[PDB]
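A quick write-up on the structure given underneath.
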Amino acid sequence: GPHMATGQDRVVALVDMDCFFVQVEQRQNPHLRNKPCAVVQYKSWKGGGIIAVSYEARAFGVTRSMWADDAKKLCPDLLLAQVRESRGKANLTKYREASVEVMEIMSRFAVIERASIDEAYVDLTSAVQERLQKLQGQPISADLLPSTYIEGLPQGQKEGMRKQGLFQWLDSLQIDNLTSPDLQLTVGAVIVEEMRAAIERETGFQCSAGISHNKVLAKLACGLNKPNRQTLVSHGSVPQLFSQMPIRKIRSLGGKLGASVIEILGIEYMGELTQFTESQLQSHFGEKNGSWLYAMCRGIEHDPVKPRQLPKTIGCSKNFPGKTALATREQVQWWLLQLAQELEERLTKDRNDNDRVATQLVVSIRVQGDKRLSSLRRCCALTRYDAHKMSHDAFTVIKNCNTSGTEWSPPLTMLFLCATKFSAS
DNA sequence: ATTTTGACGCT
Ligand SMILES: Nc1ncnc2c1ncn2[C@H]1C[C@H](O)[C@@H](COP(=O)(O)NP(=O)(O)OP(=O)(O)O)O1
Ligand SMILES: [Mg+2]
Ligand SMILES: [Mg+2]
């Protein structure tokens, strides 16, 4: 009763860009706007691999991971934009720079945690408290929430339903109680509307957002009404929402651990987890996972929004599939150099922009035949931003993987260089 | 022969 926490202490949002790389290319090239279109990497093999897909193209069944040649069979008028290639490899600079544009706008509203190239969590608890004091007991108008859905409502056309639900929600709010979690979430949603409007005004990019009491629910909420909408998931919405929510839809449960929860417990939906004790869950999934599941299935999570706007590592990777695997010393050294040159460029820019220097270089390879993604992953000192030195050091750290009696055996199917362990500069 | 990343957990 009175002593059981309900995980309603924070307001957390997750903002995620809609079909991000596609919007970057559509801003650049107006001919692609409002069209079925996709972003691809490479072009020779089956037209290139798709990494982002506009919503118009998704209506035809185009998805990420599809070869463009196959996507064209589903959507003959599909337009394509190709990722830049530099030094023989895909170069994602344009998208990293566009991400910085968006993150810098979001950071004006609150401290953000960069969760990926196109999404960030926001802890709005303080901003909501400030806005609630500003409002001075004033009711919140539906006009302040023009793109907000309230999950679970209405109860008891698309835009018509959205407005019905929002009206039910606002009608039910206790505006004069500044500690009401539902009121706090609603003010959070007002702020997120302002943030999303700022992003669109200042970059041209549209996005979706989730507003809830924690990161997992905010992330889940964000996807419920993509694109170009935001969704509020209240604590009270959790039992119904989770009662038919596949376990795999919750962040971190989309892989092996989620599969094991389903198999071991004989359940399908997140809400079914409430029928196990914390000790039972810890017994099957470990102390950490068990406690996390016990709270999460009740809508409770405590993972903080970490104050981190910049990536913690800077890496460069290339696969060499099938017959393109690297089989000569000259090939291996040339490609290590290419990767190191891109890495040097990004590191030098990072040092100038962000007042830090990486101190460790991680080298990873895969050998043809090896079932593992990586055959070797070894570190060495990163003491100077110099591509020839980094490539020589990477070769030094991997040369013993070569069985060859000038020849490289087994052929290499992947090279990877990653700068880590940043210090202030 | 989707690829190119990037955060975090385990031992
Ligand atoms: N498997 C992959 N490999 C490479 N790049 C990828 C990728 N998945 C995504 N990206 C890149 C390309 C993506 O544009 C970007 C963000 O990924 P999302 O947020 O998961 N998907 P999007 O924003 O496109 O659509 P929406 O969120 O509206 O559903 O990351
Ligand atoms: Mg996105
Ligand atoms: Mg995303």
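For ligands, and for the atoms within them, numbers begin at 1 and follow the listed sequence. First the proteins, then the strands, lettered A, B, ... as listed; each starts at 1.
Contacts with ligand 1 closer than 4.0 Å are made by side-chain heavy atoms of A/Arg58 only, the backbone lying farther away. Counting heavy atoms closer than 4.0 Å to ligand 1, residue A/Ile117 contributes side-chain atoms (C-beta onward) but none from N, CA, C or O.
Checking A/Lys226, A/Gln206, A/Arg64 against atom 7 (C) of ligand 1, the nearest heavy atom belongs to A/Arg64.
The count of protein N, O or S atoms under 2.8 Å from the Mg ion (ligand 2) stands at 3, with waters excluded from the count.
Side-chain contact check for A/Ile105 versus A/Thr203: some heavy-atom pair is nearer than 4.5 Å.
In this structure, atom 10 (N) of ligand 1 lies nearest to the protein heavy atom A/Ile51 O, 3.9 Å.
Between A/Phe20 and ligand 1, at least one N/O pair is under 3.5 Å apart.
Using a 4.0 Å cutoff on heavy atoms, A/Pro227 does not count as a contact of ligand 1. For A/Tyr55, the heavy-atom gap to ligand 1 drops under 4.0 angstrom.
Using a 4.0 Å threshold on non-hydrogen atoms, atom 21 (N) of ligand 1 does not count as touching the protein.
Scanning for salt bridge (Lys or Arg N to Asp or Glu O under 4.0 Å) contacts around A/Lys399 gives an empty result, with sequence neighbours left out.
Below 30°, between 30° and 60°, or above 60°: for A/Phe205 and A/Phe20 the angle between ring planes is above 60°, a perpendicular geometry.
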